[PDB]
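Q: Just need the structure, nothing else, for what follows:
(one chain, ligands or ions: 4)
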Amino acid sequence: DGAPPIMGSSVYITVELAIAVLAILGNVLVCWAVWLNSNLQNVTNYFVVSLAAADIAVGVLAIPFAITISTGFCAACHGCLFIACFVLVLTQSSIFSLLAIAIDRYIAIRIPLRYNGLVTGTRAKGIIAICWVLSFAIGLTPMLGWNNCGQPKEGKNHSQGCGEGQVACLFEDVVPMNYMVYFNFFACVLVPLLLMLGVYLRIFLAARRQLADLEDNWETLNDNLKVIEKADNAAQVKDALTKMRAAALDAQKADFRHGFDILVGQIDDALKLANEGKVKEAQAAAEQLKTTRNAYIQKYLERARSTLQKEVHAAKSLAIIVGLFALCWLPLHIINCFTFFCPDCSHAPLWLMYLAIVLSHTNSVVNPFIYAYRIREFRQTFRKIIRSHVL
Ligand SMILES: CC(C)CCC[C@@H](C)[C@H]1CC[C@H]2[C@@H]3CC=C4C[C@@H](O)CC[C@]4(C)[C@H]3CC[C@]12C
Ligand SMILES: CC(C)CCC[C@@H](C)[C@H]1CC[C@H]2[C@@H]3CC=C4C[C@@H](O)CC[C@]4(C)[C@H]3CC[C@]12C
Ligand SMILES: CC(C)CCC[C@@H](C)[C@H]1CC[C@H]2[C@@H]3CC=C4C[C@@H](O)CC[C@]4(C)[C@H]3CC[C@]12C
Ligand SMILES: Nc1nc(NCCc2ccc(O)cc2)nc2nc(-c3ccco3)nn12
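A: Numbering: from 1, shown residues only. Ligands and ions are numbered 1, 2, ... in the order given. Provided below are the atomic coordinates:
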């Protein structure tokens, strides 16, 4: 019978409302930016908007629900559940959006060739609708009978003076911890997180191998070239050109058709000279390759390299989003593991719980900062919106 609970409550409520303000405003800005900047209207950013929608709803609904449930007010058992579990629906929706973004970027880097034919806005819209419906079904599963409404706290319900059937609106009293640990954490959160880790691993490895391939083809072009200038045999020259020719048309698979046709044509010219024993003609006809290389091949192998670099830098930016999600949500999941798995442990203290709850809510405010910071197109669009509207 120490400090009045209203004092602790005041800090918690004030902080929660400060978070709600920032989650709403920042994520409204993201949606506004995607709405009037056609450079941002792609499939990838439709999942960004779905993710922003979930974070707006955290400020508008989940946080007010969190404040309400903290009071332990007397209400319907299934009413409490909805208040208690709605945040999950939003958290699950966030998981699906993050997973979809990963797969989208994976498809884009491995088969850029058939990316626009496979991944369309119409199909993305259908994927998003389905994921929202699945998120409701997963998040509100306790309302289907997996709850403690059948086992009410006799003592608490009489202390608070609830009516008949009514019950305080506690979180750990109505939502079973085996649902939270096994179903929600392990299956619905941790498994998708590990899948996202895997997808991003492949993204970075695919980028690393492609770059390499081009570097190998580029060095193959120039070495076989230097072998040409020193050889003394007709077949010695013909060997370095057939190997230079394979590397020519393979680098071609990674306006510019002209650059590669002059190159491969010049190699074939030098080939028939070599076959007819005309060594010095072959060596001199192969020496004009280096100006075709310096006027086309070099120009395309820098441009392909900078495109891959941008895809890597973009993938890193999106991976940070997933990292901060895990950082904000793992403490709460870990606390629940201790509650569930260690009955010999005294329960984590109230101040720590609420610190972990506050931390999970702040994850819906760092997003917009990552965007404007990591992605130029977002930053420039926010700049314009801020400077124009409503000034
Ligand atoms: C976005 C719009 C829909 C506003 C959010 C709708 C919310 C506020 C609605 C949907 C279901 C409603 C709840 C349904 C059941 C109960 C149990 C009752 O003993 C107290 C009221 C309470 C807790 C209701 C409060 C309001 C409620 C939570
Ligand atoms: C990135 C992933 C693996 C994070 C999840 C790690 C979790 C599941 C690990 C990390 C530390 C572990 C806990 C360490 C201590 C205890 C106390 C013991 O009496 C019950 C098990 C329990 C509660 C462990 C359960 C599993 C645990 C919570
Ligand atoms: C994933 C990263 C952030 C590590 C997680 C840090 C926090 C959440 C971890 C580190 C040490 C953990 C605590 C270790 C000891 C106890 C005492 C036990 O009676 C209740 C759980 C509690 C209070 C644990 C809760 C979770 C905990 C506080
Ligand atoms: N354990 C828990 N508690 C609460 N609220 C109740 C906090 C509490 C803690 C102790 C106590 O005696 C009474 C109430 N919300 C919670 N949300 C979550 C959660 C959300 C997502 C994953 O876990 N876990 N969680």
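
Q: Pick out the residue in the stretch 51-200 of the chain sitting closest to ligand 4.
A: Per Cβ to the nearest ligand atom, residue 171 is where the stretch 51-200 of the chain lies closest to ligand 4, at 3.1 Å. No exception for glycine: its C-beta is placed from N, CA and C like everyone else's.

Q: Now the residue lying closest to that residue once chain neighbours are set aside: phi and psi?
A: The shortest distance from residue 171 to any non-neighbouring residue, by Cβ to Cβ, 6 or more residues apart in numbering, is to residue 84 (5.3 Å). With angles defined as degrees, to the nearest 10, residue 84 shows backbone torsions of phi -70, psi -40.

Q: Tell me, how many residues neighbour residue 84?
A: Residues lying near residue 84 (other Cβ atoms under 10 Å) number 23.

Q: so where do the helices sit in the stretch 1-150 of the chain?
A: 5-36, 43-57, 63-70, 77-110, 121-139 (DSSP state H, counting those that start in this stretch).

Q: Nearest approach to residue 305 belongs to which of those helices?
A: helix 77-110 (13.9 Å; Cβ to Cβ).

Q: quick check: domain ranges of the chain?
A: 2-211+303-390, 212-302 (CATH domains of a matching chain).

Q: How far away from the center of its chain is the helix or strand hosting residue 302?
A: Per DSSP states H and E, residue 302 falls inside helix 298-341. Here helix 298-341 is found 6 Å from its chain centre; the criterion is Cα atoms, centre = their mean, to the nearest Å.

Q: Point out the other helices and strands that it packs with.
A: helix 77-110, helix 177-178, helix 191-230, helix 350-362, helix 367-374 (3 or more Cβ pairs under 8 Å, 6 or more residues apart in numbering; DSSP states H and E).

Q: Identify each buried residue in the helix or strand following the last one, please.
A: What that stands for is helix 367-374. Downstream of helix 367-374, the next assigned helix or strand under DSSP H and E is helix 376-388. Across helix 376-388, burial judged by 16 or more other Cβ atoms under 10 Å covers 378, 381, 382, 385.

Q: From these, pick the one nearest ligand 3.
A: residue 378 (28.3 Å).

Q: residues in contact with that closest one?
A: Contact analysis of residue 378 by Cβ atoms under 8 Å, 6 or more residues apart in numbering lists 30, 33, 40, 371, 372.

Q: same deal with residue 175?
A: Neighbours of residue 175 in contact, by Cβ under 8 Å, 6+ apart: 81, 84, 85, 142, 147, 148.

Q: isn't the third one right next to residue 139, touching?
A: Yes. Because the distance of 5.7 Å satisfies Cβ atoms under 8 Å, residue 85 is recorded as touching residue 139.

Q: residues contacting the closest residue to residue 23 other than its chain neighbours?
A: Leaving aside its sequence neighbours, residue 23 sits nearest to residue 59 (Cβ to Cβ, 6+ apart; 3.7 Å). Shown in contact with residue 59 (Cβ under 8 Å, 6+ apart): 19, 20, 21, 22, 23, 24, 27, 364.

Q: Which single one of these is nearest to residue 272?
A: Among the contacts of residue 59, and counting by Cβ to Cβ, the member closest to residue 272 is residue 27, at 65.2 Å.

Q: looking at it, that closest one is touching residue 55, isn't it?
A: Yes. With contact defined as Cβ under 8 Å, residue 27 and residue 55 form a contacting pair (4.6 Å).

Q: Residues that sit against both of these two, list them.
A: 364, 367.

Q: okay, the two: which has more neighbours?
A: residue 55 (27 against 24).

Q: Give the full set of residues in contact with the more buried one.
A: 23, 26, 27, 90, 94, 364, 365, 367.
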